[PDB]
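To keep things clear, I will list the structure first and then write my remarks on it.
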Amino acid sequence: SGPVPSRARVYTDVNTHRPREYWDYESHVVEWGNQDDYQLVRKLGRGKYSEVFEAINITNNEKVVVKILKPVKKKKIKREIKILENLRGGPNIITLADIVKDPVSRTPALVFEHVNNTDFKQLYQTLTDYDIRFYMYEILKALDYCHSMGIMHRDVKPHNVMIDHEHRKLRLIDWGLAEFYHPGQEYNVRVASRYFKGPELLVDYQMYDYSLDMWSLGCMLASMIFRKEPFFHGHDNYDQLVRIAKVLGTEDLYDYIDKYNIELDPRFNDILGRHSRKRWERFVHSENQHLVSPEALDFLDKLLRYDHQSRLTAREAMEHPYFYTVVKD
Ligand SMILES: COc1cc(/C=C(\C#N)C(=O)Nc2nnc(C(F)(F)F)s2)ccc1O
């Protein structure tokens, strides 16, 4: 009895066949740079796990960004550092430039390339149909890369997608929640922002994979093309699943949990209800129709599936007709 196991349908065995040093981040040995190379200019932001500063690298006169990690498990720190080093140079992956020991926090400070960002409230108010297709494709490059390298991001959301719109430059950031995918491994479901959490997380299914990121990407896409941010706006993790079910319907939710022999929290008995699956056209109106096309809706439809094994992979997504109009390098 109990839930049915699951495996990724792609990149299943990447970490199996890479050497142990690649994924065994607990044994990684950090090469420290010199903290005096970087002069902090201003604080950019603060989160649960870090503070971020604009800085100058006074050895080359280049702007950088410094992420000073808040005290946390050595394991979580080494995990992020190892993942960043493994992915460095990949398409639209934020580039780790240095690692220093901050003298005040006495924790690692990660030094990254500087991206001249516009925060996603003003940007998302402007982006055209063409812009959204372009930047989605750029996100997909990053996701196929990290998935192909055995890593799931697990925190895909607008805040973690930096865009310097002037230079049409995109970087996927904050790999602090990212993990190595190992077939059969059970993972923490307390990942991703509420609004971007996949159904697998919301029904407490731990044996998930790269396809989690594709659900999150779908949530981003829906918010952008329908001009509703966030799209699934739950007030807590339970209501989050109810909001999803009011769109995707309850019958396919039950098919999903029945497939994996998953049982819903009895707390859903009085709040879930019975809901038909809705057609995506109902979210189209005169103020977002310029961002919507049959191709957009089909693409969105193929990302937002309950069954994590049924979602487009990043590579499959890049083959979708939605991207036919995007100029390719
Ligand atoms: C929060 O985690 C990260 C954050 C960042 C970078 C930024 C953040 N947050 C970042 O560069 N933010 C900026 N905000 N304004 C910038 C400006 F105005 F200087 F362009 S950069 C890079 C890697 C990370 O893992």
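Residues in the structure tokens are numbered from 1 in each chain, the chains being A, B, ... in the order shown, and ligands are numbered from 1 in the order shown.
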
* Asked: Given a cut-off of 7 Å, what residues near ligand 1 show up using only C-alpha atoms and all ligand atoms, put as a list in words?
  -> residues 44, 45, 50, 52, 54, 65, 67, 94, 112, 114, 115, 116, 117, 118, 173, 174, 175 and 176 of chain A

* Which neighbours of residue 329 in chain A fall inside 12 Å, counting only C-alpha atoms, when residues of the same chain fewer than 3 positions from it are skipped, and could you give them as a VMD selection string? -> chain A and resid 134 137 to 138 326

* Pick out the residues sitting within 9 Å of range 35-38 of chain A, and hand them over as a list in words; count only C-alpha atoms, and ignore anything fewer than 6 positions along from it in its own chain. => residues 55, 56, 57, 58, 59, 64, 66, 99, 100, 101, 102, 103, 109 and 111 of chain A

* Which of these, A:209, A:301, A:270, A:319, has the shortest distance to residue 5 in chain A once you count only C-alpha atoms? -> A:209

For the structure I just gave you, how does DSSP split range 111-281 of chain A - specifically, which residues are strand (DSSP E)? Reply as an mmCIF file with N, CA, C and O atoms, in the first residue's frame.
data_model
loop_
_atom_site.group_PDB
_atom_site.id
_atom_site.type_symbol
_atom_site.label_atom_id
_atom_site.label_comp_id
_atom_site.auth_asym_id
_atom_site.auth_seq_id
_atom_site.Cartn_x
_atom_site.Cartn_y
_atom_site.Cartn_z
ATOM 1 N N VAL A 111 29.201 36.021 -5.111
ATOM 2 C CA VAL A 111 29.340 37.165 -5.991
ATOM 3 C C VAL A 111 28.896 36.775 -7.385
ATOM 4 O O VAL A 111 29.404 35.811 -7.939
ATOM 5 N N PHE A 112 27.943 37.518 -7.935
ATOM 6 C CA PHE A 112 27.393 37.204 -9.257
ATOM 7 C C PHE A 112 27.624 38.313 -10.257
ATOM 8 O O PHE A 112 27.852 39.460 -9.899
ATOM 9 N N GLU A 113 27.500 37.958 -11.528
ATOM 10 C CA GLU A 113 27.411 38.954 -12.584
ATOM 11 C C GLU A 113 26.291 39.951 -12.298
ATOM 12 O O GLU A 113 25.276 39.614 -11.685
ATOM 13 N N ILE A 151 19.518 18.814 -12.430
ATOM 14 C CA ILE A 151 19.148 19.746 -11.379
ATOM 15 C C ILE A 151 17.753 20.318 -11.641
ATOM 16 O O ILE A 151 17.441 20.733 -12.753
ATOM 17 N N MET A 152 16.922 20.309 -10.604
ATOM 18 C CA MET A 152 15.650 21.030 -10.646
ATOM 19 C C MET A 152 15.739 22.302 -9.814
ATOM 20 O O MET A 152 16.356 22.312 -8.739
ATOM 21 N N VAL A 161 13.441 35.554 -12.066
ATOM 22 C CA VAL A 161 13.797 35.674 -13.475
ATOM 23 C C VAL A 161 14.182 37.120 -13.716
ATOM 24 O O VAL A 161 13.317 37.991 -13.846
ATOM 25 N N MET A 162 15.483 37.379 -13.752
ATOM 26 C CA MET A 162 15.972 38.728 -13.988
ATOM 27 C C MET A 162 15.969 39.048 -15.467
ATOM 28 O O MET A 162 16.446 38.258 -16.284
ATOM 29 N N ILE A 163 15.431 40.212 -15.805
ATOM 30 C CA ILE A 163 15.431 40.671 -17.177
ATOM 31 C C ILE A 163 15.946 42.098 -17.283
ATOM 32 O O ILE A 163 15.379 43.025 -16.704
ATOM 33 N N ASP A 164 17.047 42.248 -18.010
ATOM 34 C CA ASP A 164 17.519 43.541 -18.485
ATOM 35 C C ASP A 164 16.901 43.724 -19.866
ATOM 36 O O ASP A 164 17.463 43.276 -20.867
ATOM 37 N N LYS A 169 18.133 40.618 -22.150
ATOM 38 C CA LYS A 169 19.015 39.726 -21.415
ATOM 39 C C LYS A 169 18.312 39.127 -20.211
ATOM 40 O O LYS A 169 17.800 39.860 -19.375
ATOM 41 N N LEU A 170 18.288 37.797 -20.128
ATOM 42 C CA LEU A 170 17.552 37.121 -19.069
ATOM 43 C C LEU A 170 18.453 36.184 -18.274
ATOM 44 O O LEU A 170 19.293 35.486 -18.843
ATOM 45 N N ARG A 171 18.283 36.175 -16.954
ATOM 46 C CA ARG A 171 19.010 35.241 -16.104
ATOM 47 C C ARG A 171 18.082 34.618 -15.075
ATOM 48 O O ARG A 171 17.303 35.321 -14.416
ATOM 49 N N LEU A 172 18.163 33.299 -14.952
ATOM 50 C CA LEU A 172 17.487 32.580 -13.885
ATOM 51 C C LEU A 172 18.359 32.602 -12.627
ATOM 52 O O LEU A 172 19.523 32.171 -12.660
ATOM 53 N N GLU A 179 17.764 21.428 -6.325
ATOM 54 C CA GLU A 179 18.269 20.127 -5.887
ATOM 55 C C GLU A 179 18.710 19.259 -7.043
ATOM 56 O O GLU A 179 18.288 19.454 -8.181
ATOM 57 N N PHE A 180 19.568 18.290 -6.736
ATOM 58 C CA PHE A 180 19.931 17.248 -7.687
ATOM 59 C C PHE A 180 18.816 16.215 -7.790
ATOM 60 O O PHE A 180 18.303 15.735 -6.773
#

* Which of range 116-267 of chain A counts as alpha helix (DSSP H) under DSSP, as a PyMOL selection string please? -> chain A and resi 120-126+129-148+199-202+211-226+237-248+250-259
